[PDB]
Each structure stands twice: as structure tokens, then as C-alpha cells.
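First comes one chain, alone, set out as C-alpha cells in the form deposited in one PDB entry.
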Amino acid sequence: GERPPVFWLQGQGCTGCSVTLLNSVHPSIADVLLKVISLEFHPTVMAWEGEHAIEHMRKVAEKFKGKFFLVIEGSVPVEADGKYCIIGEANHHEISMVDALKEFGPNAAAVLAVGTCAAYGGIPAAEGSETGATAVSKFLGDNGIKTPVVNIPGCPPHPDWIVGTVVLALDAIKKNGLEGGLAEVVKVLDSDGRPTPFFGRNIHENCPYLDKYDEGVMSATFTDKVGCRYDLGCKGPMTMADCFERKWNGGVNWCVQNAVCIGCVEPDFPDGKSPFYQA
């Protein structure tokens, strides 16, 4: 069927969510772009630019009012009247992230908050920050915007979590229609707004080093791959993600095998997971 229109707006992000998506294996990113979604606005990869790109998004948004998917990456900084994140200019008027989310948010079918920054505030909201970095769901709620939000956290997320959540939504909408479908998606979210197919299992309880943890056999150097990584700082016990199984980058490694888990999918990342290299 017709591929749904998607707009990708970045606030205070590092583009990691886009790069991680480019690493999708099955389906490939080429297949995602040509067969799964219609990516109508994405400043990192799109052909056009500037006010023309903004106006193209606005034209599509009007035609597909209530029907487009809005991907928000990065936190939304509210201090200084939104000035810490300007994403565009049209009609000689700057467009802050705050402005853009107030414009497009109410008219999206759903907002997909991709990455921990967008989902929960993340590093831009961490101790020492001063931009009023705000999570997407909080920002929308504070502004009376009732559009459904799905959180797909991680710093960055795995591509399979992003693509897979889009497919969850597509399957549900095919079966139930748009409103009924999104209701079925909301039913498989955990209390932090994360889809349970990807975030419903604990790293530690599924970890291949759990036996060593139970025995108290702890590695004292990173390069000791026999012992548990808990003394080196592993946050697996407090982390809900399926990295132990799908692993990263085509299955070639993952954080616990290589070093430690830093709990990047969790709402308290980074401060509640720090220091990273001690328990």
C-alpha cells in the first residue's frame, strides 16, 4: 500500500538516531526509504533545503493532516524563548524546536520520540545543563497537545527498535484503522512508553555472564571476558533492552561483551547510570 509520510525533526540531538537507522540490516535503509515509509522531510538526507524544504513539509502536512508520522529526535529546549534550538527559517521568521513541535505536533497521527534525549531528556537535560531541555511527552503535555507518543529510547537506539516500532504501528493500523491501530500500539507500551517487544526483557536476567555474577566472579580488567562486568560498572541489572540477543551492528558485538552496559535506554540516563565505570 501507500507508504506513510514521515517528517523527521531534530532538536538537541547528535544525529545518532539517523546514523543508527542507516545501519539497519533487514530491512536495509534503501528498502525502508523506497518501500516502507515516505521520508518527506529530513534535513540530513533530503535533496532540497532551507525555506523550500520547510514549505514542502508544510504542504505535505496540510494534505495529510492527522495522518503523518512525526519523528522527533533530541530534546526540546524551552529556555530563552526556544533560542537554544533553531531548526529553520521561512518568511524571514526563525522557527525554534518549540515552535515546530507546537505546529506539527497537534496534526500528526503519532509522534515517535526516538532516542533517550527525545524520550526522557537524556544528556542535554543532565546535571550541569542550562537550556531547559525537555522530553517530548512532557513538552506536548505541558502544551495541551494530545497526540499519541511512542518512546523508542537508547543513545542511540538500535535500528531494529526504530524500524520495528514503525512496523508494529503499520501492522496495527492495517488491522484496525488509524485510531484503533494506535490504541493497539499503546497497549504494548510499558510504563515508560517503550514497546515491550524490544524493551520488555531485562539485560542482566538474560545475560550470559549471570552465572559468574551469582558466583561473585568479577573481572578486574576490561579485557577479562570470563567474569561478570558488574565491578567494572555494568548497569545491566537496571536496564530493559534486548541487546543481549540482537546485539549491535549486524550482530558483531554488544556493550556487555565489549565493555559494560551504561543503561542508555533508561529514563535516568545518564545521571542515574553514572559513574559509568563503577557499580
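Note that residue numbering follows the sequence shown and begins at 1. Take the two forms, find the largest set of C-alpha atoms that superpose within 1.5 Å, and that set is the rigid core.
The question of which stretch, 52-60 or 249-257, has the higher mean Cα B factor is settled in favour of 52-60. When 153-161 is weighed against 121-129, 121-129 comes out higher, by mean CA B-factor as recorded in the entry. Comparing C-alpha B-factors across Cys207, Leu112, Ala135, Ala90 in the deposited entry, the largest value falls on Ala90. In this structure the maximum Cα B-factor among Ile72, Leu189, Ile145, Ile203 is found at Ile145. When the CA B factors of the chain's modelled residues are split into thirds, the value for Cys243 lands in the lowest one.
In this PDB entry, the Cα temperature factor of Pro77 sits in the middle third of its chain's modelled residues. Among the modelled residues of its chain, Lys225 has a C-alpha B-factor that falls in the middle third according to the deposited record. Per the PDB record, residue ranking by Cα B-factor puts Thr116 in the lowest third of the chain. Placement of the Cα temperature factor of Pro43 within the chain: middle third of the modelled residues, per the deposited record.
Absent from the display: the form deposited in another entry. The rest refers to it.
Looking at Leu210, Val36, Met218, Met46 after a core superposition between this form and the one not shown, you find that only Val36 has a C-alpha shift of 2 Å or more. After superposition on the rigid core, the Cα atom of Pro237 is displaced by less than 2 Å between this form and the one not shown. The two forms, fitted on the rigid core, differ between this form and the one not shown by 2 Å or more at the CA of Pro27. Relative to this form, in the other entry the C-alpha atoms of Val185 and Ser28 approach one another by 3 angstroms or more. In the other entry, the Cα-Cα separation between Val36 and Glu245 grows by 3 Å or more relative to the displayed conformation.
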